[PDB]
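Structure file work-v1.cif (mmCIF, C-alpha atoms and all ligand atoms) is printed below.
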```cif
data_data
loop_
_atom_site.label_atom_id
_atom_site.label_comp_id
_atom_site.auth_asym_id
_atom_site.auth_seq_id
_atom_site.Cartn_x
_atom_site.Cartn_y
_atom_site.Cartn_z
CA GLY A 1 49.75 17.26 176.38
CA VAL A 2 48.98 21.06 176.16
CA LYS A 3 49.13 23.28 173.01
CA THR A 4 52.37 24.79 171.49
CA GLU A 5 52.44 28.66 171.74
CA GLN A 6 51.37 29.02 168.02
CA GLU A 7 48.36 26.65 168.75
CA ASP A 8 47.47 28.96 171.74
CA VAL A 9 47.43 32.16 169.56
CA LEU A 10 45.27 30.18 167.00
CA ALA A 11 42.88 29.04 169.82
CA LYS A 12 42.51 32.70 170.97
CA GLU A 13 41.66 33.90 167.37
CA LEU A 14 39.11 30.96 167.11
CA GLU A 15 37.17 32.51 170.08
CA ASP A 16 35.84 34.91 167.33
CA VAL A 17 34.32 31.92 165.36
CA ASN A 18 30.69 32.99 166.20
CA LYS A 19 31.28 36.61 165.05
CA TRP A 20 30.95 38.34 161.66
CA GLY A 21 34.45 39.68 161.11
CA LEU A 22 36.73 36.73 162.15
CA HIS A 23 40.48 37.33 161.37
CA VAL A 24 40.36 34.46 158.81
CA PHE A 25 43.66 35.51 157.09
CA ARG A 26 45.41 35.49 160.51
CA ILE A 27 43.87 32.01 161.21
CA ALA A 28 45.27 30.83 157.81
CA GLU A 29 48.78 32.07 158.84
CA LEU A 30 48.67 30.65 162.43
CA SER A 31 47.31 27.19 161.32
CA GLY A 32 50.11 26.62 158.71
CA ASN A 33 47.58 27.23 155.86
CA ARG A 34 44.89 24.99 157.56
CA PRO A 35 42.06 27.55 158.01
CA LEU A 36 39.35 25.18 156.60
CA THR A 37 40.40 22.20 158.82
CA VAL A 38 40.68 24.24 162.09
CA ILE A 39 37.47 26.30 161.45
CA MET A 40 35.42 23.18 160.40
CA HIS A 41 36.78 21.24 163.45
CA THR A 42 35.87 24.16 165.81
CA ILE A 43 32.34 24.45 164.29
CA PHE A 44 31.74 20.64 164.43
CA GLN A 45 32.83 20.56 168.17
CA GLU A 46 30.79 23.77 168.98
CA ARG A 47 27.57 22.35 167.34
CA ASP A 48 28.25 18.83 168.80
CA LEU A 49 28.11 17.31 165.24
CA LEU A 50 30.71 14.53 166.03
CA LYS A 51 28.42 13.11 168.82
CA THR A 52 25.16 13.67 166.88
CA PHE A 53 26.40 11.91 163.67
CA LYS A 54 28.90 9.51 165.38
CA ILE A 55 31.83 10.93 163.35
CA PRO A 56 35.18 9.50 164.58
CA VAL A 57 37.42 12.57 165.22
CA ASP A 58 40.42 11.00 163.31
CA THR A 59 38.11 10.41 160.26
CA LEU A 60 36.89 14.07 160.45
CA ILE A 61 40.48 15.44 160.62
CA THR A 62 41.68 13.10 157.79
CA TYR A 63 38.78 14.14 155.51
CA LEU A 64 39.16 17.89 156.30
CA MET A 65 42.93 17.67 155.66
CA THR A 66 42.22 15.87 152.33
CA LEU A 67 39.45 18.34 151.32
CA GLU A 68 41.67 21.37 152.16
CA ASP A 69 44.58 19.83 150.11
CA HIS A 70 42.24 19.75 147.00
CA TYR A 71 41.84 23.54 147.12
CA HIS A 72 44.67 25.05 144.97
CA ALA A 73 47.24 27.07 147.01
CA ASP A 74 48.22 28.91 143.72
CA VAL A 75 44.65 30.35 143.22
CA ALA A 76 44.40 33.82 144.82
CA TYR A 77 40.64 33.88 145.68
CA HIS A 78 38.94 30.44 145.15
CA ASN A 79 41.17 28.64 147.69
CA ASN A 80 40.89 27.04 151.18
CA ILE A 81 40.76 30.52 152.82
CA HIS A 82 37.59 31.43 150.85
CA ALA A 83 36.10 27.96 151.74
CA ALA A 84 36.91 28.54 155.45
CA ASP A 85 35.34 32.05 155.23
CA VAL A 86 32.08 30.79 153.61
CA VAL A 87 31.86 27.96 156.20
CA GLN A 88 32.31 30.43 159.13
CA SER A 89 29.90 32.99 157.54
CA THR A 90 27.25 30.20 157.03
CA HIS A 91 27.83 29.20 160.70
CA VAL A 92 27.05 32.80 161.88
CA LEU A 93 23.96 33.07 159.56
CA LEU A 94 22.61 29.70 160.94
CA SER A 95 22.82 31.25 164.50
CA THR A 96 20.54 34.25 163.52
CA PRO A 97 17.80 34.76 166.21
CA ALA A 98 15.03 34.66 163.51
CA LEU A 99 16.12 31.03 162.63
CA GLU A 100 16.52 29.73 166.26
CA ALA A 101 15.37 26.03 166.43
CA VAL A 102 14.13 26.18 162.77
CA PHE A 103 16.66 23.74 161.16
CA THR A 104 17.41 20.07 162.04
CA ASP A 105 20.98 18.87 162.80
CA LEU A 106 20.94 17.13 159.33
CA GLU A 107 20.07 20.49 157.61
CA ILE A 108 22.81 22.27 159.68
CA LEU A 109 25.35 19.53 158.66
CA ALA A 110 24.20 19.95 154.98
CA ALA A 111 24.67 23.76 154.99
CA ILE A 112 28.14 23.57 156.66
CA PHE A 113 29.41 20.58 154.58
CA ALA A 114 28.08 22.30 151.39
CA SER A 115 29.98 25.51 152.37
CA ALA A 116 33.22 23.54 153.01
CA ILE A 117 33.19 21.73 149.58
CA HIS A 118 31.43 24.45 147.50
CA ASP A 119 34.56 25.59 145.52
CA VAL A 120 36.90 22.53 145.96
CA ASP A 121 39.47 21.99 143.12
CA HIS A 122 38.57 25.45 141.60
CA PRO A 123 41.11 26.16 138.81
CA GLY A 124 40.81 30.01 139.20
CA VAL A 125 38.93 30.58 135.87
CA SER A 126 35.17 30.87 135.15
CA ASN A 127 32.67 28.40 133.64
CA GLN A 128 32.58 30.51 130.42
CA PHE A 129 36.39 30.30 130.20
CA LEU A 130 36.19 26.47 130.63
CA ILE A 131 33.38 26.29 127.98
CA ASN A 132 35.19 28.58 125.43
CA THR A 133 38.52 26.67 125.76
CA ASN A 134 36.82 23.26 125.14
CA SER A 135 38.16 22.05 128.53
CA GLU A 136 37.58 18.49 129.81
CA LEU A 137 35.45 19.78 132.75
CA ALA A 138 33.07 21.62 130.35
CA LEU A 139 32.79 18.41 128.21
CA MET A 140 32.14 16.17 131.32
CA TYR A 141 29.28 18.46 132.56
CA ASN A 142 27.82 19.47 129.11
CA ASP A 143 28.70 23.15 129.78
CA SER A 144 26.05 23.33 132.53
CA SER A 145 27.19 24.56 136.02
CA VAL A 146 30.61 23.03 135.16
CA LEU A 147 32.54 24.16 138.22
CA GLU A 148 29.67 23.63 140.72
CA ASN A 149 29.07 20.04 139.39
CA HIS A 150 32.84 19.45 139.73
CA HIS A 151 33.06 20.88 143.33
CA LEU A 152 30.24 18.46 144.37
CA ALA A 153 31.80 15.41 142.61
CA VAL A 154 35.23 16.04 144.26
CA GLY A 155 33.79 16.81 147.75
CA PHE A 156 31.85 13.48 147.70
CA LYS A 157 34.60 11.39 145.94
CA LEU A 158 37.15 12.39 148.65
CA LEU A 159 34.96 10.50 151.20
CA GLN A 160 36.25 7.19 149.61
CA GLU A 161 39.92 7.99 150.57
CA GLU A 162 41.59 6.08 153.46
CA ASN A 163 39.75 6.91 156.75
CA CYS A 164 37.81 9.77 155.10
CA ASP A 165 34.14 8.62 155.25
CA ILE A 166 32.78 11.08 157.86
CA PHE A 167 29.19 9.87 157.07
CA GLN A 168 30.03 6.15 157.72
CA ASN A 169 27.58 5.93 160.74
CA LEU A 170 24.61 7.76 159.10
CA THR A 171 21.61 5.62 157.98
CA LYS A 172 20.92 5.35 154.23
CA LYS A 173 17.88 7.68 154.81
CA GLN A 174 20.13 10.31 156.52
CA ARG A 175 22.78 9.96 153.70
CA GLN A 176 20.19 10.34 150.87
CA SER A 177 18.64 13.46 152.51
CA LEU A 178 22.10 14.99 153.32
CA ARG A 179 23.31 14.27 149.75
CA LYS A 180 20.24 15.84 148.07
CA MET A 181 20.44 19.00 150.23
CA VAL A 182 24.23 19.40 149.65
CA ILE A 183 23.76 19.06 145.88
CA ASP A 184 20.83 21.58 145.92
CA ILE A 185 22.92 24.11 147.97
CA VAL A 186 26.20 23.92 145.95
CA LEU A 187 24.37 24.06 142.52
CA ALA A 188 22.65 27.27 143.83
CA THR A 189 26.16 28.94 144.17
CA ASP A 190 26.27 29.18 140.32
CA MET A 191 25.78 32.97 139.70
CA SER A 192 23.57 32.09 136.69
CA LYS A 193 20.95 31.04 139.31
CA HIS A 194 21.21 34.29 141.34
CA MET A 195 18.22 36.16 139.79
CA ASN A 196 15.82 33.13 140.26
CA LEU A 197 17.08 32.52 143.87
CA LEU A 198 16.57 36.26 144.70
CA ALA A 199 13.08 36.27 143.02
CA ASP A 200 12.09 33.24 145.20
CA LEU A 201 13.61 34.77 148.38
CA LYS A 202 11.56 38.02 147.70
CA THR A 203 8.33 35.93 147.21
CA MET A 204 9.04 34.22 150.58
CA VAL A 205 9.56 37.62 152.36
CA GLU A 206 6.21 38.90 150.86
CA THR A 207 4.35 35.68 152.09
CA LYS A 208 6.50 35.17 155.22
CA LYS A 209 4.92 33.68 158.38
CA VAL A 210 6.31 33.64 161.96
CA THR A 211 5.25 31.13 164.69
CA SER A 212 5.62 30.90 168.52
CA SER A 213 6.80 34.61 168.41
CA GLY A 214 9.50 35.86 165.95
CA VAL A 215 10.86 32.63 164.34
CA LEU A 216 10.31 31.83 160.59
CA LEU A 217 7.77 29.10 159.64
CA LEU A 218 9.18 26.79 156.88
CA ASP A 219 6.83 23.76 156.58
CA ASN A 220 7.87 22.18 153.19
CA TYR A 221 11.24 21.14 151.65
CA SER A 222 10.95 23.76 148.86
CA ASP A 223 10.95 26.63 151.42
CA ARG A 224 13.50 25.02 153.82
CA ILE A 225 16.05 24.35 150.96
CA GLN A 226 15.40 27.81 149.34
CA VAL A 227 16.41 29.47 152.67
CA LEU A 228 19.53 27.23 153.04
CA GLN A 229 20.43 27.90 149.33
CA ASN A 230 20.07 31.72 149.83
CA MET A 231 21.95 31.49 153.18
CA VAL A 232 25.06 29.84 151.62
CA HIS A 233 24.73 32.16 148.54
CA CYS A 234 24.77 35.15 151.03
CA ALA A 235 27.85 33.64 152.75
CA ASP A 236 29.51 33.24 149.30
CA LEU A 237 28.69 36.96 148.48
CA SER A 238 29.54 38.15 152.07
CA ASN A 239 32.95 39.87 151.35
CA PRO A 240 31.49 43.43 150.89
CA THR A 241 29.54 43.04 154.21
CA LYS A 242 32.75 42.45 156.23
CA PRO A 243 34.93 45.08 157.98
CA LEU A 244 36.80 46.99 155.22
CA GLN A 245 40.30 45.53 156.15
CA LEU A 246 38.84 42.04 155.28
CA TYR A 247 36.83 43.26 152.19
CA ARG A 248 39.95 44.93 150.66
CA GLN A 249 41.98 41.66 151.01
CA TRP A 250 39.15 39.74 149.23
CA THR A 251 38.98 42.46 146.50
CA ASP A 252 42.81 42.24 145.97
CA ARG A 253 42.53 38.41 145.63
CA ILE A 254 39.49 38.34 143.27
CA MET A 255 41.18 41.05 141.09
CA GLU A 256 44.47 39.00 141.00
CA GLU A 257 42.45 35.92 139.91
CA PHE A 258 40.33 37.85 137.30
CA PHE A 259 43.42 39.70 135.86
CA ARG A 260 45.18 36.27 135.59
CA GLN A 261 42.15 34.89 133.62
CA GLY A 262 42.26 38.10 131.48
CA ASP A 263 46.01 37.53 130.79
CA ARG A 264 45.22 33.88 129.77
CA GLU A 265 42.38 35.21 127.49
CA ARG A 266 44.58 38.02 125.93
CA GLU A 267 47.58 35.67 125.27
CA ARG A 268 45.13 33.24 123.43
CA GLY A 269 43.47 36.16 121.52
CA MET A 270 40.09 35.40 123.23
CA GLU A 271 37.61 38.18 124.15
CA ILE A 272 38.74 39.41 127.66
CA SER A 273 35.91 38.73 130.19
CA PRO A 274 34.22 41.58 132.14
CA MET A 275 36.56 43.16 134.83
CA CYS A 276 39.47 40.79 133.78
CA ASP A 277 41.46 43.44 131.75
CA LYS A 278 44.19 44.89 134.08
CA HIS A 279 44.90 47.58 131.35
CA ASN A 280 41.17 48.64 131.26
CA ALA A 281 40.29 48.22 135.02
CA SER A 282 38.05 50.34 137.31
CA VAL A 283 38.21 48.29 140.59
CA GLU A 284 36.28 50.94 142.68
CA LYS A 285 33.46 51.42 140.06
CA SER A 286 33.23 47.57 139.63
CA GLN A 287 32.85 47.06 143.46
CA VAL A 288 30.09 49.76 143.54
CA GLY A 289 28.37 48.05 140.55
CA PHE A 290 28.76 44.62 142.24
CA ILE A 291 27.21 45.95 145.49
CA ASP A 292 24.40 47.96 143.72
CA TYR A 293 23.24 45.21 141.25
CA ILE A 294 24.01 41.89 143.12
CA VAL A 295 25.15 42.06 146.78
CA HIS A 296 22.84 44.82 148.17
CA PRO A 297 19.57 43.53 146.57
CA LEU A 298 20.40 40.04 148.01
CA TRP A 299 21.44 41.18 151.53
CA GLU A 300 18.54 43.74 151.70
CA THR A 301 16.14 40.81 150.98
CA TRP A 302 17.93 38.50 153.49
CA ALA A 303 17.76 41.39 156.08
CA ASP A 304 13.93 41.60 155.55
CA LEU A 305 13.57 37.78 156.01
CA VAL A 306 15.42 37.85 159.40
CA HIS A 307 14.47 41.50 160.39
CA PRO A 308 16.15 42.98 162.34
CA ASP A 309 19.03 40.44 162.89
CA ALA A 310 21.07 41.54 159.79
CA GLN A 311 20.85 45.37 160.28
CA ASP A 312 24.53 45.68 161.36
CA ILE A 313 25.70 43.66 158.30
CA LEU A 314 23.56 45.78 155.91
CA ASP A 315 25.01 48.94 157.67
CA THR A 316 28.62 47.67 157.08
CA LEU A 317 27.75 46.89 153.39
CA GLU A 318 26.32 50.46 152.89
CA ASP A 319 29.43 52.00 154.62
CA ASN A 320 31.82 49.92 152.40
CA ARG A 321 29.78 50.95 149.31
CA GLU A 322 30.20 54.69 150.24
CA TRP A 323 33.96 54.17 150.86
CA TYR A 324 34.46 52.66 147.31
CA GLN A 325 32.21 55.38 145.69
CA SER A 326 34.32 58.10 147.47
CA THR A 327 37.55 56.66 145.87
CA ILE A 328 36.27 56.66 142.21
CA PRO A 329 38.64 59.24 140.54
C1 LIG B 1 35.45 40.74 146.84
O1 LIG B 1 34.76 41.06 145.64
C2 LIG B 1 34.17 40.06 144.92
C3 LIG B 1 33.96 38.75 145.33
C4 LIG B 1 33.35 37.82 144.48
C5 LIG B 1 32.93 38.20 143.20
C6 LIG B 1 32.27 37.28 142.26
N1 LIG B 1 31.90 37.71 141.10
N2 LIG B 1 31.17 36.71 140.50
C7 LIG B 1 30.42 36.97 139.23
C8 LIG B 1 29.27 37.93 139.51
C9 LIG B 1 31.35 37.48 138.15
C10 LIG B 1 31.24 35.54 141.17
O2 LIG B 1 30.81 34.47 140.81
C11 LIG B 1 31.96 35.81 142.48
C12 LIG B 1 31.00 35.58 143.66
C13 LIG B 1 33.21 34.93 142.60
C14 LIG B 1 33.13 39.52 142.79
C15 LIG B 1 33.75 40.45 143.63
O3 LIG B 1 33.94 41.73 143.17
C16 LIG B 1 34.42 41.77 141.79
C17 LIG B 1 33.26 42.02 140.86
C18 LIG B 1 33.89 42.72 139.69
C19 LIG B 1 35.26 43.16 140.09
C20 LIG B 1 35.30 42.98 141.57
MG MG B 2 31.81 28.78 143.26
ZN ZN B 3 32.60 30.54 146.55
#
```
What do you get writing this file as structure tokens?
Amino acid sequence: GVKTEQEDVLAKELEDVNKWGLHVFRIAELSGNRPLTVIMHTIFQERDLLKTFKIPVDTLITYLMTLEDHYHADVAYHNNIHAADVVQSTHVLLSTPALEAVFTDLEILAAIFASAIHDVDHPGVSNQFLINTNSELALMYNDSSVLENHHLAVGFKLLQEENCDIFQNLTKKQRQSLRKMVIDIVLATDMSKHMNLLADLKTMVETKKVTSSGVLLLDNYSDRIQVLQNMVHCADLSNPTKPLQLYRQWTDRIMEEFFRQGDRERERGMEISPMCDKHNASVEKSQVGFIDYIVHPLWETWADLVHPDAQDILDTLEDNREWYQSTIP
């Protein structure tokens, strides 16, 4: 009734679960490709979510196992490892000193559950690819946030599988509030909403208020959900803020996925999407452009909101940016 030796090495890696820079690829290897299940289980136990929401542990494991199985093992980036990474990154952001005692257990559950489902059943191609190919998903969702609508529908539908309803003991009021917040968070992961999310986060930093020394005041749903939306969006765009050994693995995987979409586009005689042409590729320049135009403006604004809690992450992002710049030939 004590762990195998592989389960021990996994348990020792999972001691890093509260730190930016977890060996998530090593956790994927040690868990038999179960990073999402073991990281979600660890976070739920750590935050006492099973007791708070009366989640039977067998139901939690069955749902997590089912959810993880609906991420595609043949997709290089948008897979269970990326889901596990965004969950664990959201978990660390929720622990930021500037947000201590700000969020309810229901809001914490929403942010973590949203992170876990936010890319489920991703086919490894973009919304524009799905729209241009007249795919069933684009037709179901009227070409609007096709993938993000689909991730939500699958994440919720999987609750109806045998012993998978982890919310079975929540009141209707709790379930309606959880459901609305999860939908609002995952729809905000659509990059077409990035500029509006960032504009609203900047407005909040300019008008920010702190109460009882240090900790953010968020007194309406609009502000509370905007911060959770930006938090999970930051977690989703967190790769360039990680130690470079992790960042380079994420860059290899996103480039494999993008080049594969570009190959699908070229073989069909479609216009090849930005950064998807492996014959016309500038990986280093693209990463510097990605950091300069998207990731740095977002994380700089987040860093202001929670000043100074995110200084080390912003420092790592700036170091990684200089490393990629220095390798442009
Ligand atoms: C590790 O590096 C990355 C991780 C995620 C992304 C994404 N890009 N986008 C949009 C903006 C196209 C997205 O939705 C996501 C967030 C999936 C991009 C990355 O870097 C690439 C940009 C151009 C080539 C290298
Ligand atoms: Mg997504
Ligand atoms: Zn994602």
Report task. Give as a PyMOL selection string the set of residues within 12 Å of the point (45.5, 16.8, 153.2), where distances use the file's coordinates and all atoms listed in the file. Result -> chain A and resi 33-34+36-37+60-72+80+158+161-164
Query raised in the report: Which of these residues is nearest to ligand MG 2 (chain B), using all atoms listed in the file: A:99, A:295, A:93, A:83?
Result: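 Distance minimum relative to ligand MG 2 (chain B) lands on A:83.
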Query raised in the report: Please, what distance in Å, to one decimal, runs between atom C19 of ligand LIG 1 (chain B) and CA of residue 275 in chain A?
Result: 5.4 Å
With all atoms listed in the file counted and 12 Å as the cut-off, give the residues of chain A in contact with ligand MG 2 (chain B), each with its shortest interatomic distance in Å and the pair that gives it, as CSV.
```
residue,atom,partner,partner_atom,distance
A:71,CA,B:MG2,MG,12.0
A:77,CA,B:MG2,MG,10.5
A:78,CA,B:MG2,MG,7.6
A:79,CA,B:MG2,MG,10.4
A:82,CA,B:MG2,MG,9.9
A:83,CA,B:MG2,MG,9.5
A:86,CA,B:MG2,MG,10.5
A:114,CA,B:MG2,MG,11.0
A:115,CA,B:MG2,MG,9.9
A:116,CA,B:MG2,MG,11.2
A:117,CA,B:MG2,MG,9.6
A:118,CA,B:MG2,MG,6.1
A:119,CA,B:MG2,MG,4.8
A:120,CA,B:MG2,MG,8.5
A:121,CA,B:MG2,MG,10.2
A:122,CA,B:MG2,MG,7.7
A:123,CA,B:MG2,MG,10.6
A:124,CA,B:MG2,MG,9.9
A:125,CA,B:MG2,MG,10.4
A:126,CA,B:MG2,MG,9.0
A:127,CA,B:MG2,MG,9.7
A:145,CA,B:MG2,MG,9.6
A:146,CA,B:MG2,MG,10.0
A:147,CA,B:MG2,MG,6.9
A:148,CA,B:MG2,MG,6.1
A:149,CA,B:MG2,MG,9.9
A:150,CA,B:MG2,MG,10.0
A:151,CA,B:MG2,MG,8.0
A:152,CA,B:MG2,MG,10.5
A:185,CA,B:MG2,MG,11.1
A:186,CA,B:MG2,MG,7.9
A:187,CA,B:MG2,MG,8.8
A:188,CA,B:MG2,MG,9.3
A:189,CA,B:MG2,MG,5.7
A:190,CA,B:MG2,MG,6.3
A:191,CA,B:MG2,MG,8.2
A:192,CA,B:MG2,MG,11.0
A:193,CA,B:MG2,MG,11.8
A:232,CA,B:MG2,MG,10.8
A:233,CA,B:MG2,MG,9.5
A:235,CA,B:MG2,MG,11.4
A:236,CA,B:MG2,MG,7.9
A:237,CA,B:MG2,MG,10.2
```
Using all atoms listed in the file, find each residue of range 62-155 of chain A with at least one atom at most 12 Å away from an atom of range 168-181 of chain A; report its shortest atom-to-atom pair and that distance in Å (one decimal), sort the rows by chain and rising residue number, and return the result as CSV.
```
residue,atom,partner,partner_atom,distance
A:104,CA,A:178,CA,11.1
A:105,CA,A:178,CA,10.3
A:106,CA,A:178,CA,6.5
A:107,CA,A:178,CA,7.3
A:108,CA,A:178,CA,9.7
A:109,CA,A:178,CA,7.7
A:110,CA,A:178,CA,5.6
A:111,CA,A:181,CA,8.0
A:112,CA,A:178,CA,11.0
A:113,CA,A:178,CA,9.3
A:114,CA,A:181,CA,8.4
A:115,CA,A:181,CA,11.7
A:152,CA,A:179,CA,9.7
A:153,CA,A:179,CA,11.2
A:155,CA,A:179,CA,11.0
```
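Each of A:329, A:97, A:214, A:297 was checked against residue 310 in chain A using all atoms listed in the file; the smallest atom-to-atom distance is that of A:97.
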With a cut-off of 9 Å, could you pull out the residues of chain A touching ligand LIG 1 (chain B) and give me the nearest pair of atoms for each, distance in Å to one decimal, using only C-alpha atoms and all ligand atoms, ordered by chain and ascending number, as CSV?
```
residue,atom,partner,partner_atom,distance
A:77,CA,B:LIG1,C13,8.1
A:78,CA,B:LIG1,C13,7.7
A:126,CA,B:LIG1,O2,8.0
A:189,CA,B:LIG1,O2,8.0
A:190,CA,B:LIG1,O2,7.0
A:191,CA,B:LIG1,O2,5.4
A:192,CA,B:LIG1,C8,8.6
A:233,CA,B:LIG1,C12,8.7
A:236,CA,B:LIG1,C12,6.3
A:237,CA,B:LIG1,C12,5.5
A:238,CA,B:LIG1,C3,8.1
A:239,CA,B:LIG1,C1,5.2
A:240,CA,B:LIG1,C1,6.3
A:247,CA,B:LIG1,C1,6.1
A:248,CA,B:LIG1,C1,7.2
A:249,CA,B:LIG1,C1,7.8
A:250,CA,B:LIG1,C1,4.5
A:251,CA,B:LIG1,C1,3.9
A:252,CA,B:LIG1,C1,7.6
A:253,CA,B:LIG1,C1,7.6
A:254,CA,B:LIG1,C2,5.8
A:255,CA,B:LIG1,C20,6.2
A:258,CA,B:LIG1,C19,7.9
A:274,CA,B:LIG1,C18,7.6
A:275,CA,B:LIG1,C19,5.4
A:276,CA,B:LIG1,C19,7.9
A:281,CA,B:LIG1,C19,8.8
A:282,CA,B:LIG1,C19,8.2
A:283,CA,B:LIG1,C19,5.9
A:284,CA,B:LIG1,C20,8.1
A:285,CA,B:LIG1,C19,8.5
A:286,CA,B:LIG1,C19,4.9
A:287,CA,B:LIG1,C20,5.1
A:288,CA,B:LIG1,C20,8.8
A:289,CA,B:LIG1,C18,7.7
A:290,CA,B:LIG1,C17,5.4
A:291,CA,B:LIG1,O3,8.3
A:294,CA,B:LIG1,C8,7.5
```
